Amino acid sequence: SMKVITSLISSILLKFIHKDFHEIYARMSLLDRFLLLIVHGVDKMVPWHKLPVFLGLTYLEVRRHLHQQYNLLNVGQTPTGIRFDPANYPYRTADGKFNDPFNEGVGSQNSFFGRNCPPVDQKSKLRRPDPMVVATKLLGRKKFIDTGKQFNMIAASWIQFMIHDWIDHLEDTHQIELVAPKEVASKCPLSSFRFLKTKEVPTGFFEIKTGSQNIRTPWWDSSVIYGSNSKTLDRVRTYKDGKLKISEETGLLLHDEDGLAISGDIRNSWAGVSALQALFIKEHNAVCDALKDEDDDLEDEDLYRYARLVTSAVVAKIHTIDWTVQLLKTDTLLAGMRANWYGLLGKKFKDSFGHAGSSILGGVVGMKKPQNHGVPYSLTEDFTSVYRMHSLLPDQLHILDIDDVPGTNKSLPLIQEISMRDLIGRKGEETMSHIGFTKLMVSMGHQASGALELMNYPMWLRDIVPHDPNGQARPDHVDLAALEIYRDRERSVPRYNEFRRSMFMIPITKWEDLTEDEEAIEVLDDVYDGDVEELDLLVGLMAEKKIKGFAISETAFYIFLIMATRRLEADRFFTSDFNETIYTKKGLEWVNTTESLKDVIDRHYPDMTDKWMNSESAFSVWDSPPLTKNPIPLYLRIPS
């Protein structure tokens, strides 16, 4: 046969593949071996992010395909259940069941986290090197480093607002204690701290024998405002006109008898997230008003269901084509992220002529069927690790004088600095009640986030009161930087270099491959006793030299590449059921005409961005100078 001869040639070409990929290679199809040869070839020459946009996009299409085929690992028995008719569930269910037309429990509350990379058992190394040493020497903020004008505090609030929709790990009842070693104890805000073990649930399989459970629905269903089950949904519903609870007077969240905010998920939250919850409750309630006017025969439950479909799709769209484009501020990713939604052919073509039929040309949104690449949808252990972005948070929020006349580029002066401790949890709700929605939002818009670099982890997070899932305070404080290191190890996520190999990225051989910062190299060498194989994932992701324009590492980005696409393409409500029958005509129109966070702010606060936002995106620092558009066609642009 020709297939056997070509496979022999593929075995010959194995001489051009990095030795660490020989294993994953044997598991690949013939065409995919050729594709890996091409991807790996580019990696060794001019890298994709230096290519003309159209070639960068071609590279990313091929790499993403490889990850879809080889970096999606199921965990646990698939919760298939008895066969059901998806037409019986033309709405987002309270616990995320009945979305995958073939598996009732996929994407539901308490489903298993899947994986992208094979697990690496680290139970004998949970404290090697010591996580409080790692936190002290490599993570704790020395001098604040910001993100320039690229990514403001609304953008930092937004990604946490998404984490509250996406991922949270079920805990066991067993307590763990970490103790600060003598060497760093005087630099540790806590000399020791206690927390709960992650719940390890047996799977019944050989390759992956235990898994974690996700207590948030992994569907992108806005469970951050709707809850992840019927009980928590019931708490937010008014049962009038489809609506959710909010203060009519202040536009802020309501609070329960303990002063805790009433929303979908408020765990370990802060004022910035509360602001976005309130904004999107206003969005949901505005959709209810529009649909109830159109049709007086719709009852509360009908209104709620349609408005949840519209609101959750608006959020997903804004994240995809506005937020991500600020995180990944390059021409290639502008083109790429917009293509996820609208296809390479573009919005104007799609809006005029409809979906072209392939994800490449028309976007994953509106595809005829959901796509899971043969692996039941989940968010993964690896996804959790790469979204650990706590260094985005500042030490203080800079509250501006919104009563002052805006200056050049709509700049405003500082009126007060507020410690982040005063803006988190219950205390933060009280502080926000005095500041108000407008002042907080404008101040967040004008303030840069922290950068994802070493030695930039807020020290206030090294002694925080953590919460139970309902937002209730725990008596045992945690050092979050040390805890994150422990969790990645506890949950068997590969450390940095093995993570790279698993994602067919060339591994580092020395610290100089990771970063040009000579003092950071010395710290890494100290903490890890020279061993790049012991380098923690979180540390590597913060340390890695950034592609120009990227706020995250390339290693994190490849997980974003595949998993962001997956959140849309696997979900019926973004694919087979993204249509006017399911959304209503007006509901679909609402999604299709909303392109940005600015559009939503302008809907509810009609004068805010005119007065105070000079940037194009509400996620960029608001007093940015005007920019003249690049006259070179997008798909032809060459990165400098």
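In this text, residue numbers run from 1 along the sequence as written.
On average, which has the higher Cα B-factor in the deposited entry, 544-552 or 198-206?
Stretch with the greater average CA B-factor: 198-206.
Would 410-418 or 211-219 have the larger average of its C-alpha temperature factors, as given in the entry?
The entry gives the higher C-alpha B-factor average to 410-418.
Based on the PDB record, which member of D43, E61, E589, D571 exhibits the highest Cα temperature factor?
Comparing C-alpha B-factors across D43, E61, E589, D571, the top value belongs to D43.
Among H67, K611, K598, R33, single out the one with the highest C-alpha B factor in the record, please.
Spelled out: the listed residue with the top C-alpha B-factor is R33.
Lowest, middle or highest third: where is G96 by C-alpha B factor in its chain?
For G96, the deposited C-alpha B-factor lands in the middle third.
Please rank the C-alpha B-factors of the chain's modelled residues and tell me whether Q371 sits in the lowest, middle or highest third.
For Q371, the deposited C-alpha B-factor lands in the middle third.
Which third, lowest, middle or highest, does the CA B-factor of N268 fall in along this chain?
Lowest third of the chain for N268's C-alpha B-factor.
Split into thirds by Cα B-factor across the chain's modelled residues, where does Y226 land: lowest, middle or highest?
CA B-factor rank for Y226: lowest third.
CA B-factor ranking of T232, expressed as a third of its chain
Ranked within chain, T232 CA B lands in the middle tercile.
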